[PDB]
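See below for the structure under consideration.
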Amino acid sequence: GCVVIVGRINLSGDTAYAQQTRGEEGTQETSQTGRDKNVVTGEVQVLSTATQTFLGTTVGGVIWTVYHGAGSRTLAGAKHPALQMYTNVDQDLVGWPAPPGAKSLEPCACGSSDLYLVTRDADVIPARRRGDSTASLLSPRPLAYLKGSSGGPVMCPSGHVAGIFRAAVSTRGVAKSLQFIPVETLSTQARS
Ligand SMILES: CC(C)(C)[C@@H]1NC(=O)O[C@@H]2CCC[C@H]2OC/C=C/C(F)(F)c2nc3ccccc3nc2O[C@@H]2C[C@@H](C(=O)N[C@]3(C(=O)NS(=O)(=O)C4(C)CC4)C[C@H]3C(F)F)N(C2)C1=O
Ligand SMILES: [Zn+2]
């Protein structure tokens, strides 16, 4: 089937919030068709398949997300579904051309180690960067609270995107660190 945009998160300005755009029935129908009547607004899109829900982040004109969520599927669009311009299983990364209305986030270059994840519910979860692709949670939290936020943005204090949430370091139901796809990896991405 198709990946469907069932919601959005606008990060510019005040404390962000999530905005639902479709329901169960409409998302199933639109994953069957591939025709998305709704307009695209925001920098972070809530994405769903017939079975899974996750996030995508708009950077450099492209909606990026995780392969373990979208696989090789297409993204519903105005007229027809959009084909993936980027696919990399090793990086767990996939990318579709950003349609009209999708606002891109600017890459981070400040070197700030004080990052935060924006979840699918628009919660802010801070973490201290300790490597190229890892950041330690300031407080451990149950893994279930992070589920469904893969593909969401890992942000710097300035509002620029340092990375894309990919996986969690967890033990016995409790997450201690986030692992993400560095933003520098999305610019050096081969338009297949
Ligand atoms: C134990 C754990 C937390 C479940 C697991 N940790 C884990 O593997 O830790 C190791 C050690 C340190 C980093 C990581 O190195 C391995 C990298 C794995 C990977 F991620 F690159 C990945 N490449 C794939 C490529 C092709 C096909 C399948 C793939 N499957 C993968 O990983 C899988 C998926 C990923 C996941 O659940 N991501 C999140 C999420 O919310 N998803 S989701 O939206 O609900 C949903 C399932 C709908 C899409 C953000 C974390 C949230 F839950 F916090 N996983 C397992 C984990 O995070
Ligand atoms: Zn920055």
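Ordering of the structure tokens sets the chain letters (A, B, ...); residue numbers start at 1 within each chain; ligands are numbered from 1 in the order shown.
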Residue A:150 environment, 7 Å, only C-alpha atoms, sequence neighbours closer than 6 positions dropped, as a list in words: residues 54, 55, 66, 165 and 166 of chain A
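Residues within 7 Å of residue A:77, counting only C-alpha atoms and excluding same-chain residues fewer than 3 positions away, are residues 34, 35, 36, 80, 81 and 82 of chain A.
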Writer output for current selection, N, CA, C and O atoms, as a PDB file, in the first residue's frame:
```pdb
ATOM      1  N   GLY A  34      -3.998   6.018  -2.975  1.00  0.00           N
ATOM      2  CA  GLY A  34      -2.810   6.775  -3.298  1.00  0.00           C
ATOM      3  C   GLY A  34      -3.064   8.224  -3.643  1.00  0.00           C
ATOM      4  O   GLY A  34      -2.128   8.918  -4.061  1.00  0.00           O
ATOM      5  N   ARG A  35      -4.296   8.699  -3.484  1.00  0.00           N
ATOM      6  CA  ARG A  35      -4.668  10.077  -3.777  1.00  0.00           C
ATOM      7  C   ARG A  35      -4.980  10.791  -2.467  1.00  0.00           C
ATOM      8  O   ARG A  35      -5.901  10.393  -1.743  1.00  0.00           O
ATOM      9  N   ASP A  36      -4.219  11.841  -2.167  1.00  0.00           N
ATOM     10  CA  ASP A  36      -4.335  12.573  -0.909  1.00  0.00           C
ATOM     11  C   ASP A  36      -5.003  13.918  -1.171  1.00  0.00           C
ATOM     12  O   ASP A  36      -4.387  14.823  -1.745  1.00  0.00           O
ATOM     13  N   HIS A  80      -1.067  11.581  -7.908  1.00  0.00           N
ATOM     14  CA  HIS A  80      -0.579  10.212  -7.823  1.00  0.00           C
ATOM     15  C   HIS A  80       0.429  10.121  -6.695  1.00  0.00           C
ATOM     16  O   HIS A  80       0.961  11.142  -6.241  1.00  0.00           O
ATOM     17  N   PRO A  81       0.715   8.912  -6.207  1.00  0.00           N
ATOM     18  CA  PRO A  81       1.708   8.768  -5.137  1.00  0.00           C
ATOM     19  C   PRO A  81       3.109   9.079  -5.633  1.00  0.00           C
ATOM     20  O   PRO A  81       3.445   8.856  -6.798  1.00  0.00           O
ATOM     21  N   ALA A  82       3.930   9.604  -4.726  1.00  0.00           N
ATOM     22  CA  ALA A  82       5.300   9.977  -5.044  1.00  0.00           C
ATOM     23  C   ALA A  82       6.243   8.814  -4.771  1.00  0.00           C
ATOM     24  O   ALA A  82       6.116   8.120  -3.758  1.00  0.00           O
TER      25      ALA A  82
END
```
Enumerate, as a ChimeraX atom specification, the complete set of residues in stretch 5-169 of chain A that a backbone-based DSSP assignment places in helix (DSSP H, G or I). /A:24-33,67-70,143-145
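Closest approach to residue A:76 among A:111, A:1, A:148, A:131 is made by A:1 (distances from only C-alpha atoms).
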Just list as a PyMOL selection string whatever in chain A DSSP marks as strand (DSSP E or B). chain A and resi 2-9+18-20+35+42+44-48+53-59+62-66+74-75+77+82+86-88+93-97+102+105+107+114-118+124-129+134-142+153-155+161-171+174-182
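Using only C-alpha atoms, the smallest distance between any of A:129, A:141, A:8, A:147 and residue A:180 comes from A:129.
Residues surrounding residue A:86 within 7 Å are residues 94, 95, 96, 189, 190, 191 and 192 of chain A [only C-alpha atoms; sequence separation below 5 positions excluded].
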Give me, as CSV, each residue of chain A that comes within 6 Å of ligand 1, together with its shortest interatomic pair and the distance in Å at one decimal, counting only C-alpha atoms and all ligand atoms, with rows ordered by chain and rising residue number.
```
residue,atom,partner,partner_atom_place_in_ligand_line,distance
A:52,CA,ligand 1,48 (C),4.8
A:53,CA,ligand 1,48 (C),5.1
A:54,CA,ligand 1,44 (O),4.1
A:67,CA,ligand 1,26 (C),5.7
A:68,CA,ligand 1,28 (C),4.2
A:69,CA,ligand 1,49 (C),3.9
A:89,CA,ligand 1,25 (C),5.2
A:92,CA,ligand 1,25 (C),4.7
A:143,CA,ligand 1,54 (F),5.5
A:146,CA,ligand 1,54 (F),4.2
A:147,CA,ligand 1,41 (O),3.4
A:148,CA,ligand 1,44 (O),3.3
A:149,CA,ligand 1,41 (O),4.6
A:150,CA,ligand 1,44 (O),4.1
A:165,CA,ligand 1,50 (C),5.9
A:166,CA,ligand 1,50 (C),4.9
A:167,CA,ligand 1,58 (O),3.3
A:168,CA,ligand 1,58 (O),4.2
A:169,CA,ligand 1,9 (O),4.9
A:170,CA,ligand 1,3 (C),5.5
A:179,CA,ligand 1,13 (C),5.5
```
Taking C-alpha atoms for each residue, export the selection above as a compact mmCIF listing (two decimals), in the first residue's frame.
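Output below, filename again.txt:
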```txt
# COMPACT_ATOMS: atom_id res chain seq x y z
CA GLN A 52 2.23 1.13 11.49
CA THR A 53 2.41 4.80 12.41
CA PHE A 54 5.57 6.91 12.70
CA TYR A 67 12.88 2.35 6.38
CA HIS A 68 11.58 0.15 9.18
CA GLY A 69 8.40 2.22 9.00
CA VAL A 89 18.44 0.11 4.35
CA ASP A 92 17.28 2.88 7.95
CA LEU A 143 10.23 2.93 25.88
CA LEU A 146 9.00 6.91 22.44
CA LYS A 147 7.24 4.37 20.20
CA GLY A 148 5.78 5.87 17.04
CA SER A 149 8.19 8.84 17.00
CA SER A 150 10.81 7.31 14.71
CA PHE A 165 15.12 9.65 15.35
CA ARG A 166 15.84 6.04 14.38
CA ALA A 167 16.25 3.77 17.41
CA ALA A 168 16.45 3.68 21.19
CA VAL A 169 18.90 2.08 23.59
CA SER A 170 16.50 0.33 25.95
CA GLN A 179 20.08 6.96 18.25
```
Hey, could you make a per-residue contact list for chain A against ligand 2 with 8 Å as the cut-off, showing the nearest pair of atoms and its distance in Å to one decimal, counting only C-alpha atoms and all ligand atoms, sorted by chain and number, as CSV?
```
residue,atom,partner,partner_atom_place_in_ligand_line,distance
A:107,CA,ligand 2,1 (Zn),7.2
A:108,CA,ligand 2,1 (Zn),3.7
A:109,CA,ligand 2,1 (Zn),5.0
A:110,CA,ligand 2,1 (Zn),4.1
A:111,CA,ligand 2,1 (Zn),6.3
A:112,CA,ligand 2,1 (Zn),6.0
A:155,CA,ligand 2,1 (Zn),7.4
A:156,CA,ligand 2,1 (Zn),4.5
A:157,CA,ligand 2,1 (Zn),6.2
A:158,CA,ligand 2,1 (Zn),5.3
A:159,CA,ligand 2,1 (Zn),6.8
A:160,CA,ligand 2,1 (Zn),5.1
A:161,CA,ligand 2,1 (Zn),7.0
A:162,CA,ligand 2,1 (Zn),6.7
```
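Relative to atom CA of residue A:181, atom CA of residue A:104 is found at 16.6 Å.
The nearest approach to residue A:128 among the residues A:27, A:65, A:144, A:178, with only C-alpha atoms taken into account, belongs to A:178.
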Excluding residue A:103 and residues on its chain fewer than 2 positions from it, collect all residues at most 8 Å away from it, counting only C-alpha atoms, and give them as JSON, numbers by chain. {"A": [41, 42, 43, 58, 59, 61, 101, 105]}
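Residue nearest residue A:132 within the list A:15, A:20, A:171, A:185: A:185 [criterion: smallest interatomic distance, only C-alpha atoms].
Here atom CA of residue A:186 and atom CA of residue A:106 stand 11.6 Å from one another.
Atom CA of residue A:93 is found 24.7 Å from atom CA of residue A:142.
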